[PDB]
Structure formats: C-alpha cells, structure tokens
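Chemist: Input structure: protein-v7.cif, which contains mmCIF, C-alpha atoms.
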data_run
loop_
_atom_site.label_atom_id
_atom_site.label_comp_id
_atom_site.auth_asym_id
_atom_site.auth_seq_id
_atom_site.Cartn_x
_atom_site.Cartn_y
_atom_site.Cartn_z
CA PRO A 25 49.76 141.54 73.85
CA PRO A 26 50.95 144.12 76.40
CA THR A 27 53.98 143.90 78.64
CA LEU A 28 53.85 144.60 82.38
CA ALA A 29 55.73 147.87 81.95
CA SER A 30 53.13 149.06 79.45
CA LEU A 31 50.33 148.49 81.96
CA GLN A 32 52.16 150.13 84.88
CA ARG A 33 53.07 153.08 82.66
CA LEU A 34 49.35 153.27 81.87
CA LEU A 35 48.53 152.92 85.57
CA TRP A 36 50.87 155.84 86.13
CA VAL A 37 50.10 157.89 83.02
CA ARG A 38 46.48 158.33 84.06
CA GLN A 39 46.15 159.38 87.69
CA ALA A 40 44.35 162.40 89.14
CA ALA A 41 45.76 164.51 91.96
CA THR A 42 43.61 163.02 94.71
CA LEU A 43 41.74 159.86 95.60
CA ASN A 44 38.25 159.71 97.07
CA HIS A 45 36.91 157.06 99.46
CA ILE A 46 34.49 155.61 96.96
CA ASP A 47 33.99 155.74 93.20
CA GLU A 48 31.39 154.51 90.75
CA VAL A 49 33.76 152.95 88.22
CA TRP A 50 31.02 151.36 86.11
CA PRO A 51 27.22 151.66 86.29
CA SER A 52 26.08 150.48 89.73
CA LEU A 53 29.62 149.36 90.50
CA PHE A 54 31.73 151.16 93.08
CA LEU A 55 35.38 150.90 94.07
CA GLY A 56 35.85 152.03 97.69
CA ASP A 57 38.25 152.07 100.65
CA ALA A 58 37.76 150.77 104.20
CA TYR A 59 36.65 154.25 105.27
CA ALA A 60 33.85 154.19 102.71
CA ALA A 61 33.43 150.57 103.83
CA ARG A 62 32.32 151.65 107.28
CA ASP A 63 30.58 154.82 106.04
CA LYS A 64 27.18 153.20 106.68
CA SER A 65 25.49 156.47 105.75
CA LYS A 66 26.96 157.07 102.30
CA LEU A 67 26.30 153.38 101.73
CA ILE A 68 22.65 154.22 102.36
CA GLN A 69 22.82 157.24 100.06
CA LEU A 70 24.26 155.23 97.19
CA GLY A 71 21.75 152.43 97.71
CA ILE A 72 24.44 149.75 97.85
CA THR A 73 22.99 146.22 97.98
CA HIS A 74 26.21 144.24 98.04
CA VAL A 75 29.56 144.91 99.61
CA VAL A 76 32.64 143.08 98.42
CA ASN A 77 35.27 143.20 101.12
CA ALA A 78 38.48 142.11 99.41
CA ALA A 79 40.40 143.08 102.55
CA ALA A 80 38.28 140.83 104.72
CA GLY A 81 39.61 139.21 107.89
CA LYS A 82 40.06 139.92 111.60
CA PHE A 83 43.63 140.93 110.77
CA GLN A 84 42.41 143.33 108.09
CA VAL A 85 39.20 145.31 107.46
CA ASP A 86 37.10 143.33 109.92
CA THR A 87 33.67 144.60 108.92
CA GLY A 88 31.88 141.32 108.10
CA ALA A 89 28.19 140.55 107.86
CA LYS A 90 27.65 141.71 111.45
CA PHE A 91 28.84 145.27 110.84
CA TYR A 92 25.93 145.73 108.47
CA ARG A 93 23.40 144.38 110.93
CA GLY A 94 19.97 145.90 110.38
CA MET A 95 21.14 147.25 107.01
CA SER A 96 19.43 145.79 103.95
CA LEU A 97 22.53 144.60 102.11
CA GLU A 98 24.46 141.44 101.28
CA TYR A 99 28.13 140.83 101.98
CA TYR A 100 31.06 138.99 100.42
CA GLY A 101 34.31 138.60 102.35
CA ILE A 102 37.60 137.76 100.66
CA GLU A 103 40.55 137.20 102.91
CA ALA A 104 43.30 138.46 100.69
CA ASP A 105 46.63 140.22 101.15
CA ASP A 106 47.97 142.96 98.93
CA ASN A 107 51.06 140.90 98.26
CA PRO A 108 52.42 140.15 94.76
CA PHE A 109 52.68 136.49 95.81
CA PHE A 110 49.09 136.31 96.94
CA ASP A 111 46.88 134.45 94.46
CA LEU A 112 43.93 136.75 93.99
CA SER A 113 43.15 135.08 90.66
CA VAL A 114 41.52 132.11 92.39
CA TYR A 115 38.85 134.63 93.36
CA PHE A 116 38.61 136.10 89.87
CA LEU A 117 35.78 134.03 88.44
CA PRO A 118 33.52 133.56 91.51
CA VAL A 119 33.64 137.28 92.28
CA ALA A 120 32.88 138.12 88.65
CA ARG A 121 29.82 135.91 89.05
CA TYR A 122 28.86 137.43 92.40
CA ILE A 123 29.12 140.97 91.07
CA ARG A 124 27.26 139.93 87.92
CA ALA A 125 24.17 138.44 89.58
CA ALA A 126 24.03 141.51 91.78
CA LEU A 127 24.08 144.11 89.02
CA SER A 128 21.50 141.87 87.34
CA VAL A 129 19.31 143.02 90.19
CA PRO A 130 17.44 146.22 89.28
CA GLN A 131 18.52 147.84 92.55
CA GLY A 132 21.84 146.05 92.10
CA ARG A 133 24.54 148.46 93.23
CA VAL A 134 27.80 146.80 94.29
CA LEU A 135 30.64 148.16 96.39
CA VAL A 136 34.03 146.52 96.03
CA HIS A 137 36.52 147.75 98.56
CA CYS A 138 39.80 146.80 100.16
CA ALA A 139 41.82 149.13 102.39
CA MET A 140 42.52 151.91 99.90
CA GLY A 141 40.48 150.72 96.93
CA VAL A 142 43.27 150.91 94.37
CA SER A 143 44.86 147.43 94.11
CA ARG A 144 43.22 144.32 95.58
CA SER A 145 39.66 145.41 94.92
CA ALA A 146 40.67 147.27 91.75
CA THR A 147 41.98 143.99 90.41
CA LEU A 148 38.84 142.05 91.20
CA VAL A 149 36.82 144.75 89.46
CA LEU A 150 39.09 144.58 86.44
CA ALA A 151 38.73 140.83 86.05
CA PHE A 152 34.95 141.22 86.21
CA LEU A 153 34.93 143.68 83.34
CA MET A 154 37.22 141.50 81.23
CA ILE A 155 35.23 138.41 82.16
CA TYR A 156 31.70 139.83 81.89
CA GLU A 157 31.86 143.15 80.04
CA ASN A 158 33.84 141.70 77.17
CA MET A 159 36.76 144.00 78.03
CA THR A 160 40.48 143.47 77.81
CA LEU A 161 42.98 144.40 80.54
CA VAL A 162 43.96 147.71 78.95
CA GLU A 163 40.30 148.56 78.19
CA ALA A 164 39.41 147.48 81.72
CA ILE A 165 42.03 149.78 83.17
CA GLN A 166 41.23 152.68 80.85
CA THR A 167 37.55 152.26 81.72
CA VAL A 168 38.05 151.92 85.47
CA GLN A 169 40.84 154.45 85.59
CA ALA A 170 38.53 157.12 84.18
CA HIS A 171 36.97 157.59 87.61
CA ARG A 172 39.45 156.28 90.20
CA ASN A 173 43.23 156.08 90.48
CA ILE A 174 44.11 152.42 90.69
CA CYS A 175 47.25 150.35 90.72
CA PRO A 176 47.07 146.59 91.16
CA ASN A 177 50.36 145.26 92.43
CA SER A 178 52.82 143.71 89.97
CA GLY A 179 51.74 140.21 90.88
CA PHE A 180 48.08 141.18 90.58
CA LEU A 181 48.90 142.65 87.18
CA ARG A 182 50.68 139.46 86.22
CA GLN A 183 47.48 137.69 87.33
CA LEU A 184 45.32 139.82 85.07
CA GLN A 185 47.62 139.40 82.05
CA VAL A 186 47.17 135.68 82.41
CA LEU A 187 43.44 136.24 82.51
CA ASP A 188 43.59 138.58 79.54
CA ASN A 189 45.42 135.74 77.86
CA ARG A 190 43.03 132.94 78.66
CA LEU A 191 40.33 135.22 77.34
CA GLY A 192 42.30 136.18 74.23
CA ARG A 193 41.86 132.52 73.30
#
How does this structure look as structure tokens?
Modeler:
Amino acid sequence: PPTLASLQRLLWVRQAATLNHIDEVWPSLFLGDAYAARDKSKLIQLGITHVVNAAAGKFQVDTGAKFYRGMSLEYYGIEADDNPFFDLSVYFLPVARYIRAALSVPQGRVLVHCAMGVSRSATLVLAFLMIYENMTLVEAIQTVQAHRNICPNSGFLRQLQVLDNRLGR
C-alpha cells in the first residue's frame, strides 16, 4: 500500500529531459497533448481510430467531433479540469470501457489527450491499465512512464490510490 509521497517521488524519479506531443504508452494506446490533438496529419499516420479529449470543452481544447469532420475516427469528450478538487474518477470506469472496446478493434488505436498529456489524460490512462490490464497504480505508472513523462495532480493521484484500493479488494 503506497503513500502519496512514494508515487510522486516515482513520478519525479523517472522523467526524461523532454516531452513529445504524443506517445504510444501501451500497444495501440497513445497519450498526447492538444497540439498532437489538432495534428490531423500525424493522427492519420498513426492510424488513430478514437480520440479521447480529456480537456474537452469550449473553455478548453475545443476540438470536438466537428474538428475531425471527414476523418474516419470516433471521438470522446470529457469536460474536466486539471484541478485536485475535480472528480476525474467518475470518468474512470466508462473511459476504461471506451478505450477497451476500441483496442478490441483490430485497427483499434486510441489517442488520449488533454492539454499537455501528462496529468488529466495520464490519469485516465492509468485507471484503464489498472482496471483492464490487471495492473496496480505503481505498475501502471512504471509502465506508462517508460515512454512519456507524466504527473497526475495530487488529487488525481489520491483518486487513483482509491481505485488501486477498490481493486486490491
């Protein structure tokens, strides 16, 4: 049973010098930023079939279904703030399920992005791994963090612990 400090330490202890716009963090599963989000072309390259906008909203990364018009891809918008007091966890299961049914598609290649792809979307990716890849939070992080610097905020971490916990039992 880890403490917060241990996770944050971990989140610190393993971080490369730079951060890219997108990153395959798991087979057919990408963590990206809003730049990569609107990078229609690389999207094409990568063969993304599903975009998870965890920074969705007119007041945030307002890409929506319309931005991808003509493009052969499906969209999920989650109107979340990167605030410790924002309950991302209410999105934890449904998104795990969304991402799951996608990757279950042969072509299934999912992008999960927020603004900078390190916290809000990072977190939703974590939960998915714990929930559907049989991982734990630390394992999730070590796995994910092998390809992309991440750092869910304290409250998102606290959110994950709880999830780790429900799953422990």
Chemist: Would you please work out which residue, of A:27, A:40, A:133, A:46, is nearest to residue A:188 when using all atoms listed in the file?
Modeler: A:27
Chemist: Compile the contact shell of residue A:86 as a VMD selection string: residues with an atom at most 10 Å away, counting only C-alpha atoms, same-chain residues fewer than 3 positions apart removed.
Modeler: chain A and resid 58 62 77 79 to 83 89 to 91 101 103
Chemist: Find the residue from A:111, A:157, A:57, A:63 that sits nearest to residue A:76; use only C-alpha atoms when measuring.
Modeler: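 Going through A:111, A:157, A:57, A:63 one by one, the smallest distance to residue A:76 is for A:57.
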Chemist: When you look at stretch 150-156 of chain A with a cut-off of 7 Å (counting all atoms listed in the file), what residues show up, excluding the ones that are within fewer than 3 positions of it in the same chain? I need them as a count of residues only.
Modeler: 10
Chemist: Rounded to one decimal in Å, what is the spacing between atom CA of residue A:137 and atom CA of residue A:25?
Modeler: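 We find that atom CA of residue A:137 and atom CA of residue A:25 lie 28.7 Å from each other.
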Chemist: If I take atom CA of residue A:98 and atom CA of residue A:70, how far is one from the other in Å, to one decimal?
Modeler: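 One can read the atom CA of residue A:98 to atom CA of residue A:70 distance as 14.4 Å.
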Chemist: Export stretch 78-93 of chain A from the structure block above, keeping N, CA and C atoms, as a PDB file, in the first residue's frame.
Modeler:
ATOM      1  N   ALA A  78      -9.709  14.627 -22.950  1.00  0.00           N
ATOM      2  CA  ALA A  78      -9.992  14.757 -21.523  1.00  0.00           C
ATOM      3  C   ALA A  78      -9.934  16.223 -21.099  1.00  0.00           C
ATOM      4  N   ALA A  79      -9.589  17.084 -22.049  1.00  0.00           N
ATOM      5  CA  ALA A  79      -9.600  18.529 -21.870  1.00  0.00           C
ATOM      6  C   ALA A  79     -10.700  19.152 -22.729  1.00  0.00           C
ATOM      7  N   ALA A  80     -11.812  18.421 -22.845  1.00  0.00           N
ATOM      8  CA  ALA A  80     -12.848  18.844 -23.774  1.00  0.00           C
ATOM      9  C   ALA A  80     -13.656  19.991 -23.164  1.00  0.00           C
ATOM     10  N   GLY A  81     -14.196  20.826 -24.050  1.00  0.00           N
ATOM     11  CA  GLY A  81     -14.986  21.974 -23.655  1.00  0.00           C
ATOM     12  C   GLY A  81     -14.591  23.232 -24.398  1.00  0.00           C
ATOM     13  N   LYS A  82     -15.571  24.076 -24.690  1.00  0.00           N
ATOM     14  CA  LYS A  82     -15.361  25.365 -25.348  1.00  0.00           C
ATOM     15  C   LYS A  82     -14.305  26.184 -24.618  1.00  0.00           C
ATOM     16  N   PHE A  83     -14.295  26.079 -23.290  1.00  0.00           N
ATOM     17  CA  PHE A  83     -13.321  26.798 -22.481  1.00  0.00           C
ATOM     18  C   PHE A  83     -11.970  26.106 -22.419  1.00  0.00           C
ATOM     19  N   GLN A  84     -11.853  24.962 -23.094  1.00  0.00           N
ATOM     20  CA  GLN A  84     -10.583  24.230 -23.040  1.00  0.00           C
ATOM     21  C   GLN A  84     -10.173  23.794 -24.430  1.00  0.00           C
ATOM     22  N   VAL A  85      -9.743  22.563 -24.668  1.00  0.00           N
ATOM     23  CA  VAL A  85      -9.331  22.167 -26.014  1.00  0.00           C
ATOM     24  C   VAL A  85     -10.581  21.819 -26.816  1.00  0.00           C
ATOM     25  N   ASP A  86     -11.154  22.858 -27.415  1.00  0.00           N
ATOM     26  CA  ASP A  86     -12.415  22.770 -28.136  1.00  0.00           C
ATOM     27  C   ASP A  86     -12.240  22.169 -29.523  1.00  0.00           C
ATOM     28  N   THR A  87     -11.912  20.878 -29.565  1.00  0.00           N
ATOM     29  CA  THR A  87     -11.766  20.199 -30.854  1.00  0.00           C
ATOM     30  C   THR A  87     -13.103  19.578 -31.249  1.00  0.00           C
ATOM     31  N   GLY A  88     -13.691  18.732 -30.417  1.00  0.00           N
ATOM     32  CA  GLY A  88     -14.964  18.109 -30.668  1.00  0.00           C
ATOM     33  C   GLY A  88     -14.991  17.197 -31.874  1.00  0.00           C
ATOM     34  N   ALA A  89     -16.164  16.625 -32.088  1.00  0.00           N
ATOM     35  CA  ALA A  89     -16.484  15.766 -33.207  1.00  0.00           C
ATOM     36  C   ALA A  89     -16.335  16.460 -34.559  1.00  0.00           C
ATOM     37  N   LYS A  90     -16.652  17.749 -34.585  1.00  0.00           N
ATOM     38  CA  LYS A  90     -16.639  18.557 -35.797  1.00  0.00           C
ATOM     39  C   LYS A  90     -15.235  18.764 -36.332  1.00  0.00           C
ATOM     40  N   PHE A  91     -14.275  18.949 -35.429  1.00  0.00           N
ATOM     41  CA  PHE A  91     -12.893  19.171 -35.861  1.00  0.00           C
ATOM     42  C   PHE A  91     -12.385  18.017 -36.708  1.00  0.00           C
ATOM     43  N   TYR A  92     -12.947  16.834 -36.496  1.00  0.00           N
ATOM     44  CA  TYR A  92     -12.442  15.655 -37.200  1.00  0.00           C
ATOM     45  C   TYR A  92     -13.270  15.291 -38.416  1.00  0.00           C
ATOM     46  N   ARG A  93     -14.129  16.232 -38.783  1.00  0.00           N
ATOM     47  CA  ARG A  93     -15.041  16.095 -39.909  1.00  0.00           C
ATOM     48  C   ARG A  93     -14.302  15.577 -41.134  1.00  0.00           C
TER      49      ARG A  93
END
